[PDB]
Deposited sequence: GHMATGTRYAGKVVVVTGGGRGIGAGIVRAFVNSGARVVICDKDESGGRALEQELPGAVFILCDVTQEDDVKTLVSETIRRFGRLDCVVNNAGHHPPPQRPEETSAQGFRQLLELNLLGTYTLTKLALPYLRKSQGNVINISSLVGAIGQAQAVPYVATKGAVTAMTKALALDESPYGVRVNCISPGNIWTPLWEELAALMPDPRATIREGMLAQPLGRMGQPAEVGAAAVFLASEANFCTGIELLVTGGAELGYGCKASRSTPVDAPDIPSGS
């Protein structure tokens, strides 16, 4: 691929799931990719698998990890063109009264502030390259979800922050966009389902939540990311839905 040849991309949480699909999509486009993850297992194997991808251990909640991530990317590859802020977590379903302020703070640290910190540290280099930022938010930031008040709040924050930053960075030619996936079949989805009374029914429900009748694939989120980075030069501040139509349509007066 040559769509994004000569470009350098950082993907956080790139060791499995959506992040690994984004990594593969950018390598297939011709980019060199830095896989950031807090766990070694997936990302290290991915680094061996993909020429053009390398792994850097980095917990995005730790500012000194992220500092080193950016400085190592520049030291090893000489430029930085795109940051994909994919690292994030969905906790198990939790009723509002079962949440805590402290759990909510910790989820904000990962899903919101880690995106903020890498974006901030990368922006000097993105300005030099007229690069771009892609945040991985969620459909449920826009429409809500049951038993997930903290998660929904963090993704509403990411989507809004994307628009604010797009405004601030547009004078410098740096675009900032997000992708809001719906149900994507990943190890997180599989882990959440395994906690449920009937996991198999939970998965069947997840498939049928989309008009297309299936869940999405990491590769489909990856193609959207490559589009935003490489071919969407007049897109900034957009929310690209990759949801299979879940937000469409519906799903005595007393």
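> No C-alpha coordinates anywhere in a stretch? Then put that deposited-sequence range on the list, in order along the chain.
Going by the record, the segments left unmodelled (no C-alpha atoms) fall at 1 to 5, 257 to 270, 274.
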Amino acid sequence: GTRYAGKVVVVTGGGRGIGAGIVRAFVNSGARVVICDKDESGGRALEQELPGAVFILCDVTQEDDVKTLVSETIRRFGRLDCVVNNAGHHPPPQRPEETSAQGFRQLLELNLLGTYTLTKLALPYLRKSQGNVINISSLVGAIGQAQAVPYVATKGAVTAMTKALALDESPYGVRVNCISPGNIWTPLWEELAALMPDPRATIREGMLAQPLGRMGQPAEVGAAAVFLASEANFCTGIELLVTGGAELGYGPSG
From here on, numbers count along this sequence of modelled residues.
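> Taking the mean of the C-alpha B-factors per stretch from the entry, tell me the winner out of 50 to 58 and 194 to 202.
Here the higher of the two C-alpha B-factor means belongs to 194 to 202.
> Is the mean CA B factor in the deposited entry higher across 218 to 226 or across 64 to 72?
Per the PDB record, 64 to 72.
> Out of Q94, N177, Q130, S137, which residue has the highest Cα temperature factor in the PDB record?
Max CA B-factor in the entry, restricted to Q94, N177, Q130, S137: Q94.
> If you compare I184, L165, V83, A101, which has the highest Cα B-factor in the entry?
Comparing C-alpha B-factors across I184, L165, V83, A101, the maximum falls on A101.
> Once the chain's modelled residues are ordered by C-alpha B factor and cut into thirds, is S170 in the lowest, middle or highest one?
Middle third of the chain for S170's C-alpha B-factor.
> Would you mind ranking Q145 by its C-alpha B-factor against the rest of the chain and naming the third, lowest, middle or highest?
According to the entry, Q145 has a C-alpha B-factor in the chain's middle third.
> Going by the recorded CA B-factors, say which third of the chain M161 sits in, lowest, middle or highest.
Middle third by C-alpha B-factor.
> Sorting the chain's CA B-factors, does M207 end up in the lowest, middle or highest third?
Highest third of the chain for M207's C-alpha B-factor.
> Considering only modelled residues of the same chain, in which third does the CA B-factor of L107 rank: lowest, middle or highest?
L107: CA B-factor falls in the middle third of its chain.
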